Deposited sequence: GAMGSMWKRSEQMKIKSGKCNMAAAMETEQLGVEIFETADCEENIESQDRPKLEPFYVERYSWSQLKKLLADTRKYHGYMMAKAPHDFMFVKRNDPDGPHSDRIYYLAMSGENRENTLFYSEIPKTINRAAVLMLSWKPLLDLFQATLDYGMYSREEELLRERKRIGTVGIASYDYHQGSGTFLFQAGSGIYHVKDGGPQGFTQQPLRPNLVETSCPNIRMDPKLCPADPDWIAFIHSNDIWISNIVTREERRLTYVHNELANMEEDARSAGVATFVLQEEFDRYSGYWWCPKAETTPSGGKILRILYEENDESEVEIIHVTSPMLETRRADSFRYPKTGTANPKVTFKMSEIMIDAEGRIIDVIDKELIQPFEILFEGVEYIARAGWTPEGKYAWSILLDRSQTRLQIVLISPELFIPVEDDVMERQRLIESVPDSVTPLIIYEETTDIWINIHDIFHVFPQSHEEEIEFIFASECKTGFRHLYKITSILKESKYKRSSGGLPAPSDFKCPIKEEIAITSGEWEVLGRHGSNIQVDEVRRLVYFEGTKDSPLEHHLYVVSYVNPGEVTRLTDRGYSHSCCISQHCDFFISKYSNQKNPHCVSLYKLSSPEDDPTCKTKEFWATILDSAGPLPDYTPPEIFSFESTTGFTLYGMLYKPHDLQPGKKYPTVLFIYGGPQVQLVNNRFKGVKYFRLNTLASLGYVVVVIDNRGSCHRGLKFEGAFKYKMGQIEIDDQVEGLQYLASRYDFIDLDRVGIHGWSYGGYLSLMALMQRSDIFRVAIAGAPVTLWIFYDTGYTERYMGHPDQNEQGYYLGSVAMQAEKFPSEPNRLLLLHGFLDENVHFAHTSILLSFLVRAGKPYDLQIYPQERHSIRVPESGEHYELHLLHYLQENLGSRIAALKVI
């Protein structure tokens, strides 16, 4: 078998080739419709049943609507036309939230909607706007004009939310405090005076209504306040609006400095970064009680705090993962983790637990004793695990039929080791603990007895509850729709099952496609965004219906196309999904891009693209021609490209994911080498003498671990924004997977490639580091400290910096430069004929 050597192109020629291949995706990279909502027309004479609203790219990302016919012509395919809802007309905190939420889009990211009035509320640049459609006001037949909510506030307003109790009122955050604003009367009040915008960070570390860094980056919570959904009425003919909010104090949290993007200035910004082992922010719940008079004028605002401290009531809790209100508004709920993230608690909190703030210690003591001893925190659910709690967005609460019982659905992996739905009922006992006695409450004094715990789903497959995956609950037919991996770990599908007498899990989506689904609130329609390895993304509307004989049985029917597939683009040859039995017992899946114009008798160089980190699956039956287009470009130049989902990746249950608990770095490369060798025994064309490995972030981490552990296998390594040292990375992530540094000295040591600099090769042109200079997540220090030890160890490196970039590539010129340098490095040090002579 002779070695194939790639066409040695120059830098200017490779730039040309990369430009021309990218130029056939001007029509492509226009993101699919999302954030769907259904609204009934309620017009017996009219030809439409529903109207749907959604966000999409026409350029900027805006609100559109489309009409749902009462009947269709089943001969032809109806393409729904997109009607513009709006008429045609970044700060630091927007720039950071766009990194925290991983938003690549431009325009409107999200929107609120009050059902009763038709009121849309949305942010768009600095402006907070509103429009009306589908309420009593009726349905427009032409573009509405966005109505700016005017303000006195000097700085950007983040995180707007309509009050569900009263759509005249909104709330937003300005300079880390909660404000409210009436969109009719133009009244604007500040509710919290916790932060002083004019002070430094080092003195003023408090905020209200905001999720701190670790919550945004590691728990996907981007808000810290929650409107109560119902308004209490007063004797005046006025009302009392309520807002639950999280208050933080980051005084004890460490302060790192990140380079400012304005490189000219040669300065640096302070960030509060809770590095592993150190203090997380100090959190607590508070409540704002707002008295409104007859016509919508604020009488008074009372700020209320917990009757006892947060640390006493919710013993053991470090993170408020999620929070909200019950639909009735009687209790405020919250999901609470401990530091280790091995104990979850769902806890109801009555508004009567909150008492007014008073500086006067005489006045304060009268209010404390006036609150009854029966009023108490109610832990309605608790679970532990050896591995870790994965936080998700599934938590549905039913209307409270009986007084001292609460009924709810929740998802969990703590029973079987796979995430499944469970209907639960808890008895809301009066607590054993009494506040009059003047002691602290014992560990389990707030726990509620579990009256019922019926498992709705079960098996060797998981329910999805992240990244938009959730559940719709039809409370009429007593069903629950949900997304899962039951038919395959390579395909997401929409399922339905009864939550009362569970049994038959009925699949609604068509096989051979992975689906992402949004179900109507009325449960008579669902939309699926679907794709596979061959065919690009499509978005279709399906009508849900029951047979007359059995309402529990649900079937679907294609209604219309929202977005049509562009079709197979002739440049893109898809990869072939393979699999293999690893010696660990688990089946590991992979993807193979064979070289284009594969000639027999010749063996080709092999780039192995890698991520292999938790919370991610790279190998599945989805279209990879958009995001991983350049893996095909490598295959077109004559590189074998492999990708393997090793142990630790998601969608295979908790035991599979927990394989690297305490041991990050150590197990992953075995799986990759194993899958890589399985292929080379099976295929004559895989040259194992010339193997590259390349990944970003965790993939960059492993690219270094590969070159460090297995220099025999891997000729070159391209490590993008790698973690070189785990004591630098934040608490929320790294303690979840690796524990506290004290209680895993060796795991941290062996997981940190900067501590093992002498184990890198002493041959140049094998290690290439890439890093964004402005990276606030994986600080540049990881690279700079790694390089510091490489210099002392006498080891060689290659380095490329992207000075306009954080933990992302956003400036297009940076990404063009990256792809160009990558191809040229692979060519000069792996693929080409000259790469062979260099050794």
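Colleague: Point out each run of deposited residues with no C-alpha coordinates, keeping the order of the sequence.
Modeller: Sequence ranges with no C-alpha atoms are 1 to 52, 111 to 113, 145 to 152, 903.
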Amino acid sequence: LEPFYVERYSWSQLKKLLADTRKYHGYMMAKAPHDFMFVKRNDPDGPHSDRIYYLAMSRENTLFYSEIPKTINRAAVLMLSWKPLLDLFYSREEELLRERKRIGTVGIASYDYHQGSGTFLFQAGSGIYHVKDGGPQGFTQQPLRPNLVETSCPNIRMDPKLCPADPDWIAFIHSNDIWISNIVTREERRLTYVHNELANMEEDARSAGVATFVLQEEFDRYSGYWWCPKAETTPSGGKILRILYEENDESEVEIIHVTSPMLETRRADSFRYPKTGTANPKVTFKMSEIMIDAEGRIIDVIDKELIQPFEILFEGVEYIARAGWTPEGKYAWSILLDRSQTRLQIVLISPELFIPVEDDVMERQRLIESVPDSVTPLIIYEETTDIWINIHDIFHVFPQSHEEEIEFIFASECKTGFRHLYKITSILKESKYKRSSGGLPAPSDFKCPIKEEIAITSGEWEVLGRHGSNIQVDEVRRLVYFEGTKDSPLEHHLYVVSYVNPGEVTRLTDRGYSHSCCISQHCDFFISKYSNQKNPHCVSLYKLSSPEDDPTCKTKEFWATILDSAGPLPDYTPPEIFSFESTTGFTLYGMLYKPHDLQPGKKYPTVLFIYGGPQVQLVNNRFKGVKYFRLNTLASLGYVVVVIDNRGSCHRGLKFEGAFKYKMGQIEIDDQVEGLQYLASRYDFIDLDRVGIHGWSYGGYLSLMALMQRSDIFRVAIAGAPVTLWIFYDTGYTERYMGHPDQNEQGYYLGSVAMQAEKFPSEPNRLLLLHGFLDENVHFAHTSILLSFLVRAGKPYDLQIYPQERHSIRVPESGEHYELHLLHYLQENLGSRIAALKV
From here on, numbers count along this sequence of modelled residues.
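The term rigid core refers to the maximal set of C-alpha atoms that superpose within 1.5 Å between the two forms.
Colleague: What stretch shows more C-alpha movement in 8 other deposited structures of this protein relative to this form, 650 to 658 or 564 to 572, after the core is superposed?
Modeller: The stretch that sits farther from the shown form in 8 other deposited structures of this protein is 564 to 572.
Colleague: In at least one third of the other PDB entries compared, is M28 left unmodelled?
Modeller: Result for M28: often missing, at least a third of the compared entries.
Colleague: Would you mind checking whether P551 is unresolved in the model of at least a third of the other PDB entries compared?
Modeller: In none of the comparable entries (those modelling both sides of it) is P551 left without coordinates.
Colleague: Per the entry, where is the mean C-alpha temperature factor higher: 617 to 625 or 133 to 141?
Modeller: Per the PDB record, 133 to 141.
Colleague: In the PDB record, does 319 to 327 or 73 to 81 carry the higher mean Cα temperature factor?
Modeller: Looking at the record's C-alpha B-factors, the answer is 73 to 81.
Colleague: According to the Cα B-factor stored in this entry, which of the following is highest: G484, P146, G601, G732?
Modeller: Of the candidates given, the C-alpha B-factor peaks at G601.
Colleague: For the C-alpha B-factor as written in the entry, point me to the maximum among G747, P372, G653, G209.
Modeller: By C-alpha B-factor in the record, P372 ranks first.
Colleague: What third of its chain's C-alpha B-factors does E805 belong to: lowest, middle or highest?
Modeller: Bottom third by C-alpha B-factor.
Colleague: State the tercile, meaning the lowest, middle or highest third, of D112 with respect to the CA B-factors recorded for its chain.
Modeller: For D112, whose C-alpha B-factor we compare with every modelled residue in the chain, the answer is the lowest third.
Colleague: Which third, lowest, middle or highest, does the C-alpha temperature factor of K16 belong to within its own chain?
Modeller: According to the entry, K16 has a C-alpha B-factor in the chain's highest third.
Colleague: Per the entry's values, where does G700 land by CA temperature factor relative to the rest of its chain, in the lowest, middle or highest third?
Modeller: Tercile = lowest for this residue's CA B-factor.
Colleague: Thinking about Cα B factors across the chain, which third does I450 belong to?
Modeller: Its C-alpha B-factor belongs to the highest third of this chain's values.
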